[PDB]
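For reference, model-v4.pdb is printed below; it contains PDB, C-alpha atoms.
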```pdb
ATOM      1  CA  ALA W   1     151.972 110.509  85.606
ATOM      2  CA  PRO W   2     150.380 113.675  87.061
ATOM      3  CA  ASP W   3     148.585 116.083  84.656
ATOM      4  CA  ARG W   4     145.982 113.518  83.445
ATOM      5  CA  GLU W   5     144.478 112.878  86.855
ATOM      6  CA  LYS W   6     144.768 116.562  87.675
ATOM      7  CA  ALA W   7     142.712 117.332  84.571
ATOM      8  CA  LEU W   8     140.384 114.524  85.537
ATOM      9  CA  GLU W   9     140.159 115.712  89.141
ATOM     10  CA  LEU W  10     139.188 119.224  87.976
ATOM     11  CA  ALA W  11     136.871 117.689  85.409
ATOM     12  CA  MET W  12     135.052 115.481  87.886
ATOM     13  CA  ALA W  13     134.859 118.643  89.965
ATOM     14  CA  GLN W  14     132.989 120.970  87.619
ATOM     15  CA  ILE W  15     130.605 118.158  86.786
ATOM     16  CA  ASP W  16     129.422 117.716  90.328
ATOM     17  CA  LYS W  17     129.386 121.502  90.628
ATOM     18  CA  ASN W  18     126.801 122.082  87.927
ATOM     19  CA  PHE W  19     125.182 118.664  88.299
ATOM     20  CA  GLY W  20     125.339 117.901  91.991
ATOM     21  CA  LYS W  21     127.374 115.418  94.020
ATOM     22  CA  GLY W  22     126.680 111.905  92.747
ATOM     23  CA  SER W  23     127.153 113.041  89.126
ATOM     24  CA  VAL W  24     130.495 111.299  88.788
ATOM     25  CA  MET W  25     131.645 108.523  91.074
ATOM     26  CA  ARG W  26     134.033 105.559  91.154
ATOM     27  CA  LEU W  27     132.994 102.072  92.185
ATOM     28  CA  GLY W  28     135.742 102.638  94.746
ATOM     29  CA  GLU W  29     135.292 106.096  96.281
ATOM     30  CA  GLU W  30     134.501 105.992 100.035
ATOM     31  CA  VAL W  31     132.987 109.502  99.989
ATOM     32  CA  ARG W  32     130.393 111.573 101.923
ATOM     33  CA  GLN W  33     128.238 110.929 104.972
ATOM     34  CA  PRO W  34     125.083 112.917 105.944
ATOM     35  CA  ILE W  35     124.199 113.322 109.585
ATOM     36  CA  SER W  36     120.775 112.189 108.275
ATOM     37  CA  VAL W  37     119.697 108.775 106.922
ATOM     38  CA  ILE W  38     117.239 106.093 107.911
ATOM     39  CA  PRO W  39     118.379 102.703 109.115
ATOM     40  CA  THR W  40     116.939 100.100 106.827
ATOM     41  CA  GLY W  41     116.852  97.834 109.815
ATOM     42  CA  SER W  42     119.398  95.528 108.242
ATOM     43  CA  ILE W  43     122.972  96.745 108.452
ATOM     44  CA  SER W  44     123.759  94.565 105.460
ATOM     45  CA  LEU W  45     121.604  96.918 103.450
ATOM     46  CA  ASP W  46     122.422  99.968 105.487
ATOM     47  CA  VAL W  47     126.028  99.556 104.423
ATOM     48  CA  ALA W  48     124.783  98.648 100.960
ATOM     49  CA  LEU W  49     123.505 102.193 100.803
ATOM     50  CA  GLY W  50     126.972 103.351 101.667
ATOM     51  CA  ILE W  51     125.478 106.055 103.809
ATOM     52  CA  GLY W  52     124.113 103.559 106.337
ATOM     53  CA  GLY W  53     120.456 103.980 105.600
ATOM     54  CA  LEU W  54     118.162 106.043 103.443
ATOM     55  CA  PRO W  55     119.172 109.500 102.266
ATOM     56  CA  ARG W  56     116.456 111.647 103.740
ATOM     57  CA  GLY W  57     115.128 114.376 101.421
ATOM     58  CA  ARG W  58     115.663 111.916  98.573
ATOM     59  CA  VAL W  59     113.035 110.061  96.673
ATOM     60  CA  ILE W  60     113.754 106.370  96.974
ATOM     61  CA  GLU W  61     112.121 103.583  95.036
ATOM     62  CA  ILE W  62     111.998 100.003  96.016
ATOM     63  CA  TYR W  63     110.729  97.812  93.248
ATOM     64  CA  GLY W  64     110.343  94.074  93.382
ATOM     65  CA  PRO W  65     108.327  91.034  92.221
ATOM     66  CA  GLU W  66     105.149  90.069  94.047
ATOM     67  CA  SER W  67     106.082  88.745  97.477
ATOM     68  CA  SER W  68     109.753  89.754  97.662
ATOM     69  CA  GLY W  69     109.948  92.008 100.726
ATOM     70  CA  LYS W  70     109.490  95.553  99.460
ATOM     71  CA  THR W  71     106.704  96.519 101.805
ATOM     72  CA  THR W  72     108.564  94.878 104.655
ATOM     73  CA  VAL W  73     111.712  96.881 104.041
ATOM     74  CA  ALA W  74     109.503  99.861 103.609
ATOM     75  CA  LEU W  75     107.531  99.401 106.816
ATOM     76  CA  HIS W  76     110.877  99.087 108.450
ATOM     77  CA  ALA W  77     111.997 102.388 106.974
ATOM     78  CA  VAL W  78     108.775 103.792 108.483
ATOM     79  CA  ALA W  79     109.369 102.096 111.823
ATOM     80  CA  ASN W  80     112.898 103.354 112.299
ATOM     81  CA  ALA W  81     111.884 106.807 111.228
ATOM     82  CA  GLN W  82     109.061 106.535 113.724
ATOM     83  CA  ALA W  83     111.034 105.447 116.775
ATOM     84  CA  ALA W  84     112.973 108.676 116.297
ATOM     85  CA  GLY W  85     110.121 111.047 117.020
ATOM     86  CA  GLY W  86     109.096 112.032 113.499
ATOM     87  CA  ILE W  87     105.895 110.481 112.146
ATOM     88  CA  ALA W  88     105.134 108.579 108.899
ATOM     89  CA  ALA W  89     102.433 108.754 106.218
ATOM     90  CA  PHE W  90     101.066 105.851 104.190
ATOM     91  CA  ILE W  91      99.366 106.490 100.890
ATOM     92  CA  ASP W  92      97.243 103.390 100.414
ATOM     93  CA  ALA W  93      96.247 102.400  96.888
ATOM     94  CA  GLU W  94      96.489  98.644  97.277
ATOM     95  CA  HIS W  95      94.158  98.380 100.252
ATOM     96  CA  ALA W  96      96.367  95.566 101.529
ATOM     97  CA  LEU W  97      98.258  96.174 104.723
ATOM     98  CA  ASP W  98      98.539  94.078 107.852
ATOM     99  CA  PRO W  99      98.944  96.479 110.751
ATOM    100  CA  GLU W 100      99.544  93.579 113.103
ATOM    101  CA  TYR W 101     102.528  92.582 111.018
ATOM    102  CA  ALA W 102     103.493  96.233 110.741
ATOM    103  CA  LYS W 103     103.235  96.586 114.507
ATOM    104  CA  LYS W 104     105.473  93.524 114.789
ATOM    105  CA  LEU W 105     108.091  95.152 112.609
ATOM    106  CA  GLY W 106     107.860  98.071 114.973
ATOM    107  CA  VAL W 107     105.197 100.237 113.415
ATOM    108  CA  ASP W 108     103.242 102.555 115.716
ATOM    109  CA  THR W 109     100.022 101.850 113.820
ATOM    110  CA  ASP W 110      97.929 104.052 116.117
ATOM    111  CA  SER W 111      99.987 107.062 115.022
ATOM    112  CA  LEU W 112     100.545 106.045 111.405
ATOM    113  CA  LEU W 113      98.956 108.510 108.997
ATOM    114  CA  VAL W 114      97.262 106.599 106.191
ATOM    115  CA  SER W 115      95.067 107.647 103.244
ATOM    116  CA  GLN W 116      93.224 105.612 100.597
ATOM    117  CA  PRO W 117      92.715 108.194  97.714
ATOM    118  CA  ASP W 118      90.192 107.784  94.893
ATOM    119  CA  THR W 119      92.279 108.335  91.801
ATOM    120  CA  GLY W 120      96.016 108.317  91.225
ATOM    121  CA  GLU W 121      95.967 112.050  90.590
ATOM    122  CA  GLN W 122      94.456 112.405  94.125
ATOM    123  CA  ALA W 123      97.000 110.481  96.221
ATOM    124  CA  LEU W 124      99.983 112.448  94.911
ATOM    125  CA  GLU W 125      98.468 115.868  95.708
ATOM    126  CA  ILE W 126      97.689 114.524  99.102
ATOM    127  CA  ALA W 127     101.232 113.235  99.426
ATOM    128  CA  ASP W 128     102.423 116.555  98.044
ATOM    129  CA  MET W 129     100.628 118.859 100.460
ATOM    130  CA  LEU W 130     101.027 116.402 103.275
ATOM    131  CA  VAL W 131     104.750 116.566 102.574
ATOM    132  CA  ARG W 132     104.634 120.378 102.448
ATOM    133  CA  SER W 133     103.862 120.594 106.160
ATOM    134  CA  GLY W 134     107.360 119.194 106.600
ATOM    135  CA  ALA W 135     105.920 117.642 109.729
ATOM    136  CA  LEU W 136     106.320 114.251 108.169
ATOM    137  CA  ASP W 137     109.618 112.435 108.090
ATOM    138  CA  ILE W 138     108.842 109.402 105.938
ATOM    139  CA  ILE W 139     105.914 109.340 103.549
ATOM    140  CA  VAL W 140     105.342 106.227 101.537
ATOM    141  CA  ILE W 141     103.210 105.746  98.450
ATOM    142  CA  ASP W 142     102.200 102.118  98.051
ATOM    143  CA  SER W 143     101.938 100.862  94.471
ATOM    144  CA  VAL W 144     103.113 103.126  91.719
ATOM    145  CA  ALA W 145     101.210 100.808  89.406
ATOM    146  CA  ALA W 146      98.055 101.222  91.442
ATOM    147  CA  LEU W 147      97.854 104.883  90.564
ATOM    148  CA  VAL W 148      95.097 104.947  87.969
ATOM    149  CA  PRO W 149      94.259 108.553  86.910
ATOM    150  CA  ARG W 150      90.885 110.358  86.979
ATOM    151  CA  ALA W 151      90.313 109.674  83.322
ATOM    152  CA  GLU W 152      90.634 105.896  83.227
ATOM    153  CA  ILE W 153      88.674 105.494  86.395
ATOM    154  CA  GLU W 154      85.959 107.636  84.801
ATOM    155  CA  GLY W 155     100.413 107.230  78.680
ATOM    156  CA  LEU W 156      98.364 108.758  81.449
ATOM    157  CA  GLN W 157     100.210 107.373  84.461
ATOM    158  CA  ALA W 158     103.605 108.448  83.173
ATOM    159  CA  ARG W 159     102.692 112.143  83.000
ATOM    160  CA  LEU W 160     100.444 112.003  85.969
ATOM    161  CA  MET W 161     103.565 110.788  87.800
ATOM    162  CA  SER W 162     106.113 113.029  86.114
ATOM    163  CA  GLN W 163     104.056 116.118  87.025
ATOM    164  CA  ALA W 164     104.020 115.615  90.788
ATOM    165  CA  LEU W 165     107.483 114.077  90.799
ATOM    166  CA  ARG W 166     108.957 117.325  89.504
ATOM    167  CA  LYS W 167     106.662 119.218  91.796
ATOM    168  CA  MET W 168     107.101 117.133  94.909
ATOM    169  CA  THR W 169     110.788 116.590  94.258
ATOM    170  CA  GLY W 170     111.521 120.247  94.857
ATOM    171  CA  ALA W 171     109.860 120.537  98.236
ATOM    172  CA  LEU W 172     110.985 117.083  99.498
ATOM    173  CA  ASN W 173     114.489 118.448  99.248
ATOM    174  CA  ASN W 174     113.462 121.555 101.135
ATOM    175  CA  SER W 175     111.558 119.829 103.938
ATOM    176  CA  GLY W 176     113.811 116.899 104.557
ATOM    177  CA  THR W 177     111.026 114.351 104.137
ATOM    178  CA  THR W 178     112.105 111.182 102.454
ATOM    179  CA  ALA W 179     109.717 109.332 100.246
ATOM    180  CA  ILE W 180     109.153 105.715  99.347
ATOM    181  CA  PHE W 181     107.513 104.338  96.186
ATOM    182  CA  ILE W 182     106.543 100.698  95.788
ATOM    183  CA  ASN W 183     106.665  99.599  92.176
ATOM    184  CA  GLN W 184     106.643  96.538  89.892
ATOM    185  CA  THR W 185     105.148 100.777  85.092
ATOM    186  CA  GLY W 186     105.032 104.546  85.544
ATOM    187  CA  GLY W 187     108.618 103.931  84.643
ATOM    188  CA  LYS W 188     110.490 106.877  83.231
ATOM    189  CA  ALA W 189     109.725 109.588  85.775
ATOM    190  CA  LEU W 190     110.633 107.677  88.893
ATOM    191  CA  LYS W 191     113.497 105.980  87.093
ATOM    192  CA  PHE W 192     115.137 109.370  86.949
ATOM    193  CA  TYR W 193     113.759 111.481  89.769
ATOM    194  CA  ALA W 194     114.589 108.866  92.389
ATOM    195  CA  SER W 195     118.068 109.368  93.807
ATOM    196  CA  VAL W 196     118.197 105.763  95.028
ATOM    197  CA  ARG W 197     116.498 102.622  93.698
ATOM    198  CA  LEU W 198     116.467  99.227  95.356
ATOM    199  CA  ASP W 199     115.831  96.111  93.348
ATOM    200  CA  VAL W 200     114.446  93.546  95.699
ATOM    201  CA  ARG W 201     114.132  89.823  95.137
ATOM    202  CA  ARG W 202     113.445  86.687  97.153
ATOM    203  CA  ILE W 203     116.229  84.213  96.579
ATOM    204  CA  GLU W 204     115.617  81.362  99.034
ATOM    205  CA  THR W 205     112.653  80.137 101.028
ATOM    206  CA  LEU W 206     114.339  79.823 104.410
ATOM    207  CA  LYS W 207     114.243  76.178 105.482
ATOM    208  CA  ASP W 208     113.302  75.983 109.148
ATOM    209  CA  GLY W 209     113.928  72.280 109.519
ATOM    210  CA  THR W 210     110.185  72.203 110.096
ATOM    211  CA  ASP W 211     108.885  73.832 106.903
ATOM    212  CA  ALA W 212     109.727  77.565 106.787
ATOM    213  CA  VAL W 213     110.632  80.478 109.061
ATOM    214  CA  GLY W 214     110.807  83.067 106.268
ATOM    215  CA  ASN W 215     112.883  83.794 103.167
ATOM    216  CA  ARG W 216     116.410  84.952 102.392
ATOM    217  CA  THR W 217     116.316  88.094 100.275
ATOM    218  CA  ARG W 218     118.667  90.140  98.115
ATOM    219  CA  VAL W 219     118.518  93.838  97.308
ATOM    220  CA  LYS W 220     120.624  95.317  94.549
ATOM    221  CA  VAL W 221     121.129  99.118  94.607
ATOM    222  CA  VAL W 222     121.012  99.771  90.928
ATOM    223  CA  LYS W 223     120.877 103.491  91.546
ATOM    224  CA  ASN W 224     122.584 105.422  94.303
ATOM    225  CA  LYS W 225     123.268 109.136  93.782
ATOM    226  CA  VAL W 226     124.528 109.351  97.348
ATOM    227  CA  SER W 227     127.269 106.702  97.509
ATOM    228  CA  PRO W 228     128.680 104.024  95.301
ATOM    229  CA  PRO W 229     125.769 102.272  93.490
ATOM    230  CA  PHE W 230     125.602  98.653  92.232
ATOM    231  CA  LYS W 231     126.223  97.188  95.691
ATOM    232  CA  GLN W 232     123.833  94.723  97.350
ATOM    233  CA  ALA W 233     122.858  92.966 100.617
ATOM    234  CA  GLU W 234     121.191  89.668 101.675
ATOM    235  CA  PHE W 235     119.058  89.082 104.727
ATOM    236  CA  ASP W 236     116.219  86.949 106.037
ATOM    237  CA  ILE W 237     112.639  87.986 106.850
ATOM    238  CA  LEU W 238     111.020  85.512 109.150
ATOM    239  CA  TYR W 239     107.348  85.059 108.608
ATOM    240  CA  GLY W 240     105.714  87.472 110.996
ATOM    241  CA  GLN W 241     108.823  88.955 112.608
ATOM    242  CA  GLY W 242     110.216  90.955 109.731
ATOM    243  CA  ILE W 243     113.907  91.359 109.122
ATOM    244  CA  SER W 244     115.903  89.503 111.799
ATOM    245  CA  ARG W 245     118.321  92.087 113.059
ATOM    246  CA  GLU W 246     120.162  89.252 114.701
ATOM    247  CA  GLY W 247     120.163  87.202 111.540
ATOM    248  CA  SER W 248     122.170  90.041 110.016
ATOM    249  CA  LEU W 249     124.812  90.608 112.729
ATOM    250  CA  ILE W 250     126.053  87.111 112.023
ATOM    251  CA  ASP W 251     126.412  87.513 108.257
ATOM    252  CA  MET W 252     128.272  90.790 108.624
ATOM    253  CA  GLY W 253     129.782  89.385 111.805
ATOM    254  CA  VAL W 254     131.541  86.806 109.705
ATOM    255  CA  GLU W 255     131.947  88.672 106.419
ATOM    256  CA  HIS W 256     134.055  91.040 108.498
ATOM    257  CA  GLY W 257     135.782  88.650 110.873
ATOM    258  CA  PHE W 258     134.419  89.807 114.247
ATOM    259  CA  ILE W 259     133.019  86.247 114.485
ATOM    260  CA  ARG W 260     134.531  82.870 113.689
ATOM    261  CA  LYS W 261     132.758  79.987 112.018
ATOM    262  CA  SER W 262     134.534  76.916 113.386
ATOM    263  CA  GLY W 263     132.473  74.384 111.440
ATOM    264  CA  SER W 264     128.795  74.943 112.199
ATOM    265  CA  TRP W 265     129.745  76.578 115.503
ATOM    266  CA  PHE W 266     129.662  80.342 115.907
ATOM    267  CA  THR W 267     132.138  82.030 118.200
ATOM    268  CA  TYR W 268     132.693  85.599 119.239
ATOM    269  CA  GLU W 269     136.195  86.451 120.386
ATOM    270  CA  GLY W 270     136.755  83.544 122.739
ATOM    271  CA  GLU W 271     133.379  82.343 123.945
ATOM    272  CA  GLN W 272     131.066  80.624 121.483
ATOM    273  CA  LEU W 273     127.669  82.011 120.500
ATOM    274  CA  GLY W 274     125.858  78.944 119.268
ATOM    275  CA  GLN W 275     125.862  75.933 117.009
ATOM    276  CA  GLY W 276     124.038  76.926 113.836
ATOM    277  CA  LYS W 277     122.910  80.265 112.395
ATOM    278  CA  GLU W 278     119.502  80.204 114.066
ATOM    279  CA  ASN W 279     121.013  78.868 117.262
ATOM    280  CA  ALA W 280     123.519  81.717 117.451
ATOM    281  CA  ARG W 281     120.623  83.890 116.222
ATOM    282  CA  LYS W 282     118.623  82.637 119.163
ATOM    283  CA  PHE W 283     121.736  83.338 121.230
ATOM    284  CA  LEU W 284     122.117  86.989 120.282
ATOM    285  CA  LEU W 285     118.394  87.434 120.407
ATOM    286  CA  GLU W 286     118.532  86.804 124.171
ATOM    287  CA  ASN W 287     121.987  88.358 124.475
ATOM    288  CA  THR W 288     121.351  91.834 123.086
ATOM    289  CA  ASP W 289     124.168  93.135 125.309
ATOM    290  CA  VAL W 290     126.669  91.249 123.211
ATOM    291  CA  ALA W 291     124.517  91.611 120.107
ATOM    292  CA  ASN W 292     124.785  95.420 119.942
ATOM    293  CA  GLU W 293     128.459  95.178 120.653
ATOM    294  CA  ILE W 294     128.880  93.357 117.371
ATOM    295  CA  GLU W 295     126.661  95.845 115.566
ATOM    296  CA  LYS W 296     128.761  98.491 117.243
ATOM    297  CA  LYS W 297     132.041  96.902 116.210
ATOM    298  CA  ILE W 298     130.708  96.401 112.686
ATOM    299  CA  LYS W 299     129.705 100.065 112.610
ATOM    300  CA  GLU W 300     133.187 101.043 113.815
ATOM    301  CA  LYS W 301     135.007  98.771 111.403
ATOM    302  CA  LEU W 302     133.100 100.609 108.677
ATOM    303  CA  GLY W 303     130.713 103.402 109.545
TER
END
```
Turn this file's structure into structure tokens for me.
Amino acid sequence: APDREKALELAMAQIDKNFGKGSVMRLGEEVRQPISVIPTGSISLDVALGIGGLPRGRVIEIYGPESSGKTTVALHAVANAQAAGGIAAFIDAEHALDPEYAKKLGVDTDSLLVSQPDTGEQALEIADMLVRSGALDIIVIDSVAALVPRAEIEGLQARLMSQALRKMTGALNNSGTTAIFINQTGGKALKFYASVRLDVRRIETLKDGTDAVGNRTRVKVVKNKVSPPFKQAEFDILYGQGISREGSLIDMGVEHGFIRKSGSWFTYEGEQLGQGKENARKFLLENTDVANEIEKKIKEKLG
């Protein structure tokens, strides 16, 4: 009965010791909690991460198929980091960004540090020195696959990438700046350096009755060295409004009881919210007072 675990316990101990914390976990441990993390902007996912957001100082990767969310999540990461006083950097390699939309997500475009390098070898250095001023909070490279090296422009990528990754990884940990990498490629490197990888995919094209308000998405946390991995969260991203914070309260609201679905009628302890997800969504939208209370409750019922 005892001894085995005890040997295990000690085992699992020494591992983490020489290999860090997330070395050995259980798809059941409720462990850790850093006083630092960035709200995804969708609790659903925040919880997904276990820690309630992104592990600062860690290199995260959010890969997904063309037109899944990725950037959106990302720009959210950058917006929530922003509204906290620290400022964000955008390494542009895709030359495709819609500030407006960003602004709508919450991005302070005027104060967003961007840079459209010339070769893949160039961005990284930029990102690397720019990250060395530890003045940044969230730096985000856009398009791992759009990092063509000096050579080709005149197995390169993987290499090019590995190099900085090892280099930038060190510092990132020392400065407390968390990094984002969009992907589709450079594979290897990132695969391993990243301490958290999100796999994002668009499941349903949200039916608005009319023709479409957005799309319901799903992110699977294939790799999480800071909490139990393999989790996942689903949320909606309304065309031109980003992730509906309200849209999420409901889902968690119900998947955790704080709200009752009485047959296409949403109710919150006594009084009803609305009749229909969007209706109740509308409801909370204009009833933030109550809205945050749910978020609050949900955060209390879990952390």
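Minimum distance to residue 20 of chain W across W:226, W:146, W:108, W:186 (counting only C-alpha atoms) occurs at W:226.
Candidate residues W:149, W:161, W:175, W:279 were compared for distance to residue 208 of chain W, and the nearest is W:279, using all atoms listed in the file.
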(message) Please determine, counting only C-alpha atoms, which residue among W:288, W:211, W:189, W:283 has the shortest atom-to-atom distance to residue 271 of chain W.
(response)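 The shortest atom-to-atom distance to residue 271 of chain W comes from W:283.
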(message) Counting all atoms listed in the file, I want the residues whose atoms come within 12 Å of (96.9, 106.8, 111.1) in the file frame, returned as a list in words.
(response) residues 87, 88, 89, 90, 91, 92, 99, 107, 108, 109, 110, 111, 112, 113, 114, 115 and 116 of chain W
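On the file presented, the PyMOL selection byres ((chain W and resi 165) around 9) picks out residues 124, 160, 161, 162, 163, 164, 166, 167, 168, 169, 170, 189, 190, 193 and 194 of chain W.
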Let me see the file: selected residues, C-alpha atoms, as a PDB file, keeping the file's coordinate frame.
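Listing of again.pdb after writing:
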```
ATOM      1  CA  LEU W 124      99.983 112.448  94.911  1.00  0.00           C
ATOM      2  CA  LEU W 160     100.444 112.003  85.969  1.00  0.00           C
ATOM      3  CA  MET W 161     103.565 110.788  87.800  1.00  0.00           C
ATOM      4  CA  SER W 162     106.113 113.029  86.114  1.00  0.00           C
ATOM      5  CA  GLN W 163     104.056 116.118  87.025  1.00  0.00           C
ATOM      6  CA  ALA W 164     104.020 115.615  90.788  1.00  0.00           C
ATOM      7  CA  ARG W 166     108.957 117.325  89.504  1.00  0.00           C
ATOM      8  CA  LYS W 167     106.662 119.218  91.796  1.00  0.00           C
ATOM      9  CA  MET W 168     107.101 117.133  94.909  1.00  0.00           C
ATOM     10  CA  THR W 169     110.788 116.590  94.258  1.00  0.00           C
ATOM     11  CA  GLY W 170     111.521 120.247  94.857  1.00  0.00           C
ATOM     12  CA  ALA W 189     109.725 109.588  85.775  1.00  0.00           C
ATOM     13  CA  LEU W 190     110.633 107.677  88.893  1.00  0.00           C
ATOM     14  CA  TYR W 193     113.759 111.481  89.769  1.00  0.00           C
ATOM     15  CA  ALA W 194     114.589 108.866  92.389  1.00  0.00           C
TER      16      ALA W 194
END
```
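When all atoms listed in the file are used to compute distances to residue 138 of chain W, the closest of the residues W:191, W:35, W:18, W:78 turns out to be W:78.
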(message) Quick one: residues within 9 Å of segment 241-244 of chain W, all atoms listed in the file, excluding same-chain residues fewer than 3 positions away - as a list in words?
(response) residues 41, 42, 72, 73, 76, 101, 102, 104, 105, 214, 235, 236, 237, 238, 247, 248 and 281 of chain W
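Here the question is which of W:262, W:224, W:122, W:67 gets nearest to residue 192 of chain W using all atoms listed in the file, and that residue is W:224.
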Can you sort out the box for segment 61-80 of chain W, edges along x, y and z, all listed atoms in, 3 Å on every side, with centre and edge lengths in Å to one decimal, as lines of an AutoDock Vina configuration file?
```
center_x = 109.0
center_y = 96.3
center_z = 102.3
size_x = 13.7
size_y = 21.0
size_z = 26.1
```
(request) Considering only C-alpha atoms, state which residue in the set W:267, W:195, W:71, W:178 is at the smallest distance from residue 143 of chain W. (result) W:71
(request) Pick out the residues sitting within 12 Å of residue 118 of chain W, and hand them over as a list in words; count only C-alpha atoms, and ignore anything fewer than 6 positions along from it in its own chain. (result) residues 91, 92, 93, 94, 95, 124, 125, 126, 146, 147, 148, 149, 150, 151, 152, 153 and 154 of chain W
